[PDB]
Amino acid sequence: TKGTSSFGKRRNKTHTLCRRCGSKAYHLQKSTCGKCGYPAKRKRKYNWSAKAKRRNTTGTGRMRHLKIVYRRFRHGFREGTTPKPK
Amino acid sequence: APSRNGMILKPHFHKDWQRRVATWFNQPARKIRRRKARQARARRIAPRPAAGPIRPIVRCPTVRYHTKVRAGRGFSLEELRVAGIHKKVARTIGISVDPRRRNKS
Amino acid sequence: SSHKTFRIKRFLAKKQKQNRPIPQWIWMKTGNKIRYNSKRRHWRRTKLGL
Amino acid sequence: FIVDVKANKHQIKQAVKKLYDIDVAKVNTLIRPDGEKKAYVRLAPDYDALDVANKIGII
Amino acid sequence: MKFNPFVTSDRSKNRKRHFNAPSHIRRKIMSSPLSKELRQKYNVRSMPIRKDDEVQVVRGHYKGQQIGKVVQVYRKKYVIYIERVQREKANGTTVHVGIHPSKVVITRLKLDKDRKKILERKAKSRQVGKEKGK
Amino acid sequence: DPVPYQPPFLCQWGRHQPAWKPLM
Amino acid sequence: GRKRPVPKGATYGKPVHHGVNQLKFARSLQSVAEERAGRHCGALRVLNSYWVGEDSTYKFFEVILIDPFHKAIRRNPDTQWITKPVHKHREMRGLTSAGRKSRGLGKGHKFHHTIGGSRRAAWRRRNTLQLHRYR
Amino acid sequence: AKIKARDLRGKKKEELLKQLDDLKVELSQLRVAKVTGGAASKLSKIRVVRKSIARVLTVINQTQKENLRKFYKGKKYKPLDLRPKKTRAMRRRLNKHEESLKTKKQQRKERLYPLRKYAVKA
Amino acid sequence: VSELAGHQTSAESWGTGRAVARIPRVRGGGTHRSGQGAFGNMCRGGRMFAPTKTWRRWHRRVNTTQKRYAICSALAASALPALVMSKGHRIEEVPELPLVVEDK
RNA sequence: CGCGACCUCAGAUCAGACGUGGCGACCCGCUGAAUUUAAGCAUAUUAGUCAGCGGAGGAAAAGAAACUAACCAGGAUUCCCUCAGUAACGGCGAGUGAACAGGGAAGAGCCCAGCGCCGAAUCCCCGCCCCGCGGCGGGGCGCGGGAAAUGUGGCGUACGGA
RNA sequence: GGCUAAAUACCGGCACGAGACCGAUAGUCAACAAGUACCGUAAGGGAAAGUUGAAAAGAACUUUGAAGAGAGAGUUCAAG
RNA sequence: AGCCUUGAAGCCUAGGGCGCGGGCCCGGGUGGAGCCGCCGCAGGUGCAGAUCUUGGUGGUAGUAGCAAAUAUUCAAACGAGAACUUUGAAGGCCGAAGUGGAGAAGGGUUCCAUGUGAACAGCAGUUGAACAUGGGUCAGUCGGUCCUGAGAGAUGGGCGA
RNA sequence: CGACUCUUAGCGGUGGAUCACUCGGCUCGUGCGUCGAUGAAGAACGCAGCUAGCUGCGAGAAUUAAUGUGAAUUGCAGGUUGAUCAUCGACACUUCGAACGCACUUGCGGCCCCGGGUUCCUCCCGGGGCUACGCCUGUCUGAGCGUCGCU
Ligand SMILES: [Mg+2]
Ligand SMILES: [Mg+2]
Ligand SMILES: [Mg+2]
Ligand SMILES: [Mg+2]
Ligand SMILES: [Mg+2]
Ligand SMILES: [Mg+2]
Ligand SMILES: [Mg+2]
Ligand SMILES: [Mg+2]
Ligand SMILES: [Mg+2]
Ligand SMILES: [Mg+2]
Ligand SMILES: [Mg+2]
Ligand SMILES: [Mg+2]
Ligand SMILES: [Mg+2]
Ligand SMILES: [Mg+2]
Ligand SMILES: [Mg+2]
Ligand SMILES: [Mg+2]
Ligand SMILES: [Mg+2]
Ligand SMILES: [Mg+2]
Ligand SMILES: [Mg+2]
Ligand SMILES: [Mg+2]
Ligand SMILES: [Mg+2]
Ligand SMILES: [Mg+2]
Ligand SMILES: [Mg+2]
Ligand SMILES: [Mg+2]
Ligand SMILES: [Mg+2]
Ligand SMILES: [Mg+2]
Ligand SMILES: [Mg+2]
Ligand SMILES: [Mg+2]
Ligand SMILES: [Mg+2]
Ligand SMILES: [Mg+2]
Ligand SMILES: [Mg+2]
Ligand SMILES: [Mg+2]
Ligand SMILES: [Mg+2]
Ligand SMILES: [Mg+2]
Ligand SMILES: [Mg+2]
Ligand SMILES: [Mg+2]
Ligand SMILES: [Mg+2]
Ligand SMILES: [Mg+2]
Ligand SMILES: [Mg+2]
Ligand SMILES: [Mg+2]
Ligand SMILES: [Mg+2]
Ligand SMILES: [Mg+2]
Ligand SMILES: [Mg+2]
Ligand SMILES: [Mg+2]
Ligand SMILES: [Mg+2]
Ligand SMILES: [Mg+2]
Ligand SMILES: [Mg+2]
Ligand SMILES: [Mg+2]
Ligand SMILES: [Mg+2]
Ligand SMILES: [Mg+2]
Ligand SMILES: [Mg+2]
Ligand SMILES: [Mg+2]
Ligand SMILES: [Mg+2]
Ligand SMILES: [Mg+2]
Ligand SMILES: [Zn+2]
């Protein structure tokens, strides 16, 4: 009775949707995230999880600020100058 | 399992050597980079020599090598005192100066 | 669960809008490589994770 | 009406009162499974709902 | 050969820069040579084609000596559409047959201020090159 | 949809079954 | 001293590494004081530190911390090397005196194993094959 | 008419607010027409109305923030939005004069013994 | 070929039982690649046998006198009449095979 | 008991700044094994290695001898060839294993405390004026507020200095 | 007690160039809506999938069947 | 001064052959865009087996099977098509700890209307929890929100590289 | 000649093997070598006239302004004093996230200033600016049977 009859009792949930990494890995009992470590101030990353590195790096997401940092870098970070109008 | 006859040997490949392999395909690009850096220095200092300041006639230590004569680090303070050149004048006019040397001979 | 929360209801609200298929004009373009919607999630087949 | 989800009932009441020039009896809000807030704005009986609907164009 | 170490001599990279070019490079690539009379008159070898230009077809099934106005220039498929160059679909409607601008000669230009500026700049560069060759 | 996995091993002919046991 | 952070005994391995009590930590307690002060204050930068008193159960160190952002340090050119971003957290890399006493760097025959940048640079420079182009 | 960006800068701020409110009313009318079922002319006009509202708000924001930085230009302390937003490691450097601040003994050595210009013979 | 090609996948062998060919296969999953076989040269995907290294002995050095001997032989064969035509050069109308032209 | 200083220690949504976190291929500081070999295995070997932790930079570290040598003495650090699979270590078994010197790329030196001379001759902040202000600086005017004699600045540091 | 460029390292990032390499069961897992679909509570595991034609010119119209389907006719050098 | 849209590679072949053999050259069909002979050079270079890896397809085989919980029959309508859709009548079952009416966890548009019979409901469907368009959840008084339980978890402090 | 079975050939179906194409990988080399409390990496949610995925953007939401380019995007409709594109230097960037008013239920607060409410008279509603910990310099308020000077 450890199989099919025991699978029917599974209705309450322990993990839930986290709010920093987005993956459903936020434990409700220990109040910690199993993916990124949300009560910890630092992002939980490891070198043994080399495949799970590239799932979450800088090149994966949006880069809404890093691409304009690169765009300002490729012309040497000018600020305040305006081009010559018509 | 060694065979009939040959030299005894100790190959040092028991470590993980394949992670640290210094490939030398940078070599002609580094020769071009040194060439461009030396030409850039020669164009930077226009009347000055491209090699640098002069270097002393130096006898070698360590009796295997004492017959040969090198170009050393710099002139000595007693050498500049006998010549009549101040040590802060010599570095500005292009003369290598080091204080650690002596004059026994 | 009738007792929903706002975060879970918004997460289901986005998936309900993603559940809709493709239109008929999208396979009339030049550089099209889309025949049908391959991300059609059925409510009995894929249980949305969780 | 269909309302942004960040609103209040007082915000919907003052918004209808400002952008329709009409007094509001009460506001009943719900959030649809599409995502936006459906708002049943019950008006005062001095004005007509059919008349203000023909005034704003909906029919 | 090429002596600039930044100019691409790679097939896949050149085809990438061709088929993923923005529209101002699309207009520059889609250019057509002028005729002998206009070439002698303006000393201009080629120009980018416009929607309001006249065209004789040089090569293809619809080649000949017919001067037709361009319908419109469709830069997504790298094509132009000519007025009398068209064929009948089975249902009955006429569809303009696609002609690439490399097989296209111009008989008359549509002249605006920017068009005259481009022609004067090309004539000036041609005279400077002829002076350097002299 | 779900690709039916490799048929779960059913520990049968081993030692706990008294249906098939050779010579001991 | 430092004992091994393991349970009761149970150090799973060869009988070399079962030692737990008589292990000694590689850096000095003065450098431990420096890195604790630098971890408590990331804005302040460690210059050095010194001993004032010791008990059987404690030692006591005065750690000198410097503002790299105050104007009296910034406009003084003798100390503006502290204001450079290269010297951020000297206490962790071991750039102060108590850290450099633990690195074991120096000149001569007594410091062969740290020739080059450090002990790690010495080991990496020694354990590489230089497989040339023409060999 | 085509609401351009050049003529919006010269006008008064209350006229910009009146034009913005008229564009908001006209956008609400086009949304009502879209939901009731309207013309494709209105369905394409609503995008032009959105871009015109974007242009009017952009011109209002320019006339606000250039005037605010003209106001806070003369003072020593200025708000964080008006301070030049560049990278953090470049903002936390030394100043331009403080990179040129040398000590008295270094200035004395640079005065007494400069790097001379010289050449040698063959 | 890169060293990470093939070894990024984790695959423990099932071993005995389960009428399988004793190959390290992908650990579970409800996806086309589940119990398929990752490691080994013969399996689909994975790695090939003998990954070609960056530290191969590409460059061969030649003695300087052998290089100069090759230059001397390549120049001396450019004077004989039959060795040039056996290369394939149409030289029927050339007035002299050691073709020496002026400094203009 | 009251008043006024000094010394320690608090409270501030006080005025002006800073640090937290990410990537981490290279670099630094710790902690750090077992697979493997020794045809077993326990010292050795894998190995200061995989993994774990913390820290910045465009390079990091190191760096101008408490040096190498014993010669007719060389003279900051870093990297390559050679020294060299050598001296040496090791159930002296398996195996591990430098440094000097020479040939080159590069080559740039210095600053404090102390000792002492100078009326604190020194530094920070706030008020006004001029210039410039999108790397908030230069000068003048304040019986303005502080830091500092439990020591700020100039000469001066092993190559002598006053 | 402390500072200091240079020659040195770079499988991360941006812009690039080349190949006695691979040619869709090969090469990065991924040439395509790829860390995507899907599985596992979770840490994590993780695919398959290119080729109409030069131009959609994607078969008008008639006819049997409700339609899926055909038979004529038509486009193209080629519907083999 | 090789072949080639006056037809390259690949593939098929009841043809002519050659070489002991590895294999190779022509004849005929399909194909539409590159290919080979000789001297040297280099390799990720030759498959019948690995309980070989992937993909596909046979005998078994139109076979086992579509057998747990009493049961369906007649007429009419929609429709091209009816045993399974709908309605009327008859006979039954769940027999108030129900095969009824409602909740919690969980599912997340499955709830409702209209149309479809391309794909699923291991037979069939005019039917559906399927497909495609559209709708649907209205609170001071119903719950969360307030409180605390077993516990979790900051500040001071201690420890810790 | 029957049915069924075996071999070969023409043709037609399952199948996508070979060949040729490649906007893609792998390797090597060069230059630059820059994130963040002035809010990073990442995540969530929204944004198209018809828009699911990808791509791009942030309530100004497949983009705003400026410069250059010089008659388009296009799948379908819709309308030269600058359409579309690239650069992007100005403006702007929803909610979590070091995340920062305390917790993560999107709940509950506190202070100040404005508009309805008022006729400062307190609620209520709406809007704006602050309220995370540690630490550096200065200011203010302080405590000490700590060290003192005066009555
Ligand atoms: Mg639980
Ligand atoms: Mg970390
Ligand atoms: Mg043998
Ligand atoms: Mg032998
Ligand atoms: Mg289920
Ligand atoms: Mg050129
Ligand atoms: Mg051991
Ligand atoms: Mg010591
Ligand atoms: Mg001094
Ligand atoms: Mg592979
Ligand atoms: Mg404050
Ligand atoms: Mg052993
Ligand atoms: Mg063994
Ligand atoms: Mg054993
Ligand atoms: Mg060791
Ligand atoms: Mg590690
Ligand atoms: Mg950090
Ligand atoms: Mg940096
Ligand atoms: Mg350094
Ligand atoms: Mg040395
Ligand atoms: Mg030797
Ligand atoms: Mg022995
Ligand atoms: Mg060792
Ligand atoms: Mg040496
Ligand atoms: Mg040199
Ligand atoms: Mg002094
Ligand atoms: Mg010295
Ligand atoms: Mg010293
Ligand atoms: Mg020293
Ligand atoms: Mg240093
Ligand atoms: Mg090249
Ligand atoms: Mg494929
Ligand atoms: Mg394939
Ligand atoms: Mg593949
Ligand atoms: Mg293929
Ligand atoms: Mg195909
Ligand atoms: Mg194919
Ligand atoms: Mg054909
Ligand atoms: Mg072709
Ligand atoms: Mg090959
Ligand atoms: Mg086979
Ligand atoms: Mg049967
Ligand atoms: Mg019930
Ligand atoms: Mg019910
Ligand atoms: Mg069925
Ligand atoms: Mg239903
Ligand atoms: Mg009521
Ligand atoms: Mg705790
Ligand atoms: Mg055959
Ligand atoms: Mg395939
Ligand atoms: Mg959408
Ligand atoms: Mg614009
Ligand atoms: Mg423009
Ligand atoms: Mg709660
Ligand atoms: Zn998380």
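Residues numbered from 1 in each chain as written, not as in the entry; some residues may be left out. Chains lettered and ligands numbered in written order. Part of a larger assembly, values for the part shown. Heavy atoms only, no water.

Per the deposition metadata, cryo-EM was the technique used to determine this entry, at a resolution of 3.7 Å.

Looking up chain D in the PDB entry gives the name uL23, with the organism given as Oryctolagus cuniculus.

Chain A carries the name Ribosomal protein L37 in the PDB entry, which gives Oryctolagus cuniculus as its organism. According to its UniProt record, chain A has this under Function (literature references left out): "Component of the large ribosomal subunit. The ribosome is a large ribonucleoprotein complex responsible for the synthesis of proteins in the cell." A UniProt comment under Subunit is attached to chain A, and it reads "Component of the large ribosomal subunit." (UniProt positions renumbered as here; feature names shortened; annotations may be inferred.)

Student: Is there a simple way to think about the overall build of chain A in this case?
Tutor: From N to C terminus, chain A includes three helices and two strands. Counting from the amino terminus, chain A carries its helices and strands in the arrangement α-β-β-α-α. By its C-alpha atoms, chain A is 80 × 30 × 25 Å across when sized along the principal axes. For chain A, restricting intrachain contacts to residue pairs at least 6 apart in sequence, the fraction spanning at least 24 positions comes to 0%. (Helix = DSSP H or I, 4+ residues; strand = E, 2+ residues; numbered from the N terminus. Contact = heavy atoms within 4.5 Å.)

Student: Can you walk me through the interface of chain I and chain B in this structure?
Tutor: It is common to report an interface's size as the accessible area lost on association of the parts. Residue-level contacts link five residues of chain I with five residues of chain B. Taking both sides of the interface into account, the surface hidden between chain I and chain B amounts to around 400 Å²; carbon and sulfur atoms contribute 77%. Its largest share of buried area at the contact with chain B, chain I owes to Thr54(I), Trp55(I) and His59(I), together 82% of the area lost on that side. On inspection of chain I and its partner chain B, the count reaches zero salt bridges. Put simply, chain I and chain B have zero residue pairs in polar contact between them. Tallied by class, residues from the side of chain I that touches chain B come to two nonpolar, two polar and one charged. (Buried area = accessible area lost by both parts, 1.4 Å probe. Salt bridge = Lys/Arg side-chain N within 4 Å of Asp/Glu carboxyl O. Polar contact = N/O pair within 3.5 Å; in protein donor to acceptor, adjacent residues only side chain to side chain. Nonpolar A, V, L, I, M, F, W, Y, C, P; charged D, E, K, R; others polar.)

Student: Sorry, what's going on with the pattern of salt bridges here?
Tutor: Proximity of charged atoms lets side chains of opposite charge pair with each other. If you walk through the whole model with that rule in mind, you get 14 salt bridges over all chains. For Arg39(G), the salt bridge goes to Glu35(G), with nearest N and O atoms at 4.0 Å. With a gap of four residues between them, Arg39(G) and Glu35(G) both fall in helix α1 (residues 29-40), about one helical turn apart. Take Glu35(G): its relative accessible area is 12%, and that puts it in the buried class. Sharing partners across several salt bridges, the network here consists of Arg50(E), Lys110(E) and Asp112(E). (Buried < 20%, exposed > 50% of the residue type's maximum accessible area, 1.4 Å probe, protein only.)

Student: I tried to follow the protein's contact with RNA strand M on my own but got confused; where do I start?
Tutor: For RNA strand M, the set of nearby residues contains 117 residues, the closest of which are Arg27(E), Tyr74(E), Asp67(G), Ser44(H) and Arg88(H). Backbone atoms, meaning sugar plus phosphate, form 71% of the atoms of RNA strand M positioned within 4 Å of the protein. Taking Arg11(E), its side chain carries an N or O atom lying 2.7 Å from a phosphate oxygen of RNA strand M. (Near = heavy atom within 4 Å.)

Student: Which parts of the structure should I look at to understand the interface of chain G and chain B?
Tutor: Counting residues at the interface gives nine residues for chain G and nine residues for chain B. Counting the surface lost from both chain G and chain B, the interface buries some 900 Å², and carbon and sulfur atoms represent 64% of this. There are three residue pairs in polar contact connecting chain G and chain B. Grouping the amino acids of the side of chain G that touches chain B by side-chain chemistry returns three nonpolar, four polar and two charged.

Student: Whenever I open this one, the sheet that holds strand β4 (residues 68-74) of chain E confuses me. Can you help?
Tutor: Hydrogen bonds between backbone atoms are what pair the strands of a sheet, whose relative direction is either parallel or antiparallel. All names here are of chain E. Read from one edge of the open sheet, five strands run β6-β5-β4-β3-β7, paired in antiparallel fashion. In the strand order of this sheet, the two ends are held by β6 (94-99) and β7 (104-108), each with one partner. The sheet shows a mean angle of 60° between the axes of neighbouring strands, direction not considered. Examined bridge by bridge, strand β3 (residues 54-57) and β7 share four bridges and lie antiparallel to one another. By the bridge assignment for β7, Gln56 is matched with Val105. (Pairing = 2+ DSSP bridges. Axes fitted to C-alpha atoms, helices over the stretch in contact; angles between N-to-C directions.)

Student: What is the right way to look at the environment of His61(E) in this model?
Tutor: Residues and elements named next belong to chain E. Along the chain, the position of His61 falls in the loop between β3 and β4. According to the relative accessible area criterion, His61 is exposed, its value standing at 73%. A C-alpha to C-alpha distance of 23 Å links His61 and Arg108, two positions 47 residues apart in sequence.

Student: Would you take a moment to explain a nonpolar patch on the surface for this structure?
Tutor: Residues and elements named next belong to chain G. On the surface, a cluster of nonpolar side chains totalling about 570 Å² of accessible area is made up of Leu47, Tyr50, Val52, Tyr58, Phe60 and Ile64. Mapped onto the nonpolar patch, the elements with two or more residues apiece are β1 (45-54) and β2 (59-66). For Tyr58, the position within the fold is in the loop between β1 and β2. (Patch = residues over 30% accessible without salt bridge, like charges linked within 9 Å, V, L, I, M, F, W, Y side chains within 5 Å. Areas by Shrake-Rupley, 256 points an atom, 1.4 Å probe, with all protein chains shown as cover.)

Student: Just to check I follow, could you spell out empty space enclosed by the protein for this structure?
Tutor: Enumeration according to the criterion identifies one cavity of 30 Å³ or more in this entry. Size it by volume and the largest cavity reaches roughly 40 Å³. Among the residues forming the lining of the largest cavity, the class breakdown is five nonpolar, four polar and three charged. (1 Å grid on protein atoms, 1.4 Å probe; cavity = no way out; pocket = protein on both sides within 12 Å on 5 of 7 lines; lining within 4 Å. Points joined across faces, edges and corners; volume = space filled by probe spheres on them.)

Student: Help me understand the UniProt feature "zinc finger region: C4-type" in chain A, please; the structure alone is not making it clear to me.
Tutor: UniProt's entry tags residues 18-36 of chain A with the feature "zinc finger region: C4-type", counted in the numbering of this structure. End C-alpha atoms of residues 18-36 of chain A are separated by 9 Å, and the span's content is 0% helix alongside 11% strand.

Student: Help me understand the protein's contact with RNA strand K in this model?
Tutor: Around RNA strand K sit 57 residues, and of these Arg55(A), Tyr36(C), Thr8(E), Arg87(E) and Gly30(I) come closest. Backbone atoms, meaning sugar and phosphate, form 78% of the atoms of RNA strand K found within 4 Å of the protein. Between RNA strand K and the protein, one listed contact pairs a sugar or linking oxygen with a side-chain N or O atom of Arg74(A) at 3.1 Å. At a separation of 2.9 Å, a sugar or linking oxygen of RNA strand K approaches a polar side-chain atom of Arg44(I). Listing elements by their share of the surface near RNA strand K, those giving two or more residues are α2 (50-55) of chain A, α1 (27-44) of chain B together with α1 (11-19) of chain E. Its residues assigned to classes, the surface near RNA strand K shows 13 nonpolar, 22 polar and 22 charged.

Student: Please explain the layout of surface pockets as it appears in this structure.
Tutor: Over the atoms a probe the size of a water molecule is rolled, and this reveals where empty space is left. By volume, the largest pocket is sized at about 1,800 Å³. Going through the elements one at a time, β1 (2-3), α1 (9-19), β3 (37-43) and α2 (49-56) of chain D together with α2 (13-36) of chain H are the ones with two or more residues in the lining of the largest pocket. By residue number, the principal contributor to the lining of the largest pocket is α2(H), which donates twelve residues. Partitioned by chemical class, the residues of the lining of the largest pocket number 25 nonpolar, four polar and ten charged. Roughly 910 Å³ of volume is contained in the second largest pocket. Along the wall of the second largest pocket there are 18 residues; nearest its centre are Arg83(H), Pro84(H), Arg91(H), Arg92(H) and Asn95(H). Of all the secondary structure elements, the ones that give two or more residues to the lining of the second largest pocket are α2 (71-74) of chain G together with α4 (88-91) of chain H. Taken together, the residues of the lining of the second largest pocket sort by class into six nonpolar, one polar and eleven charged.

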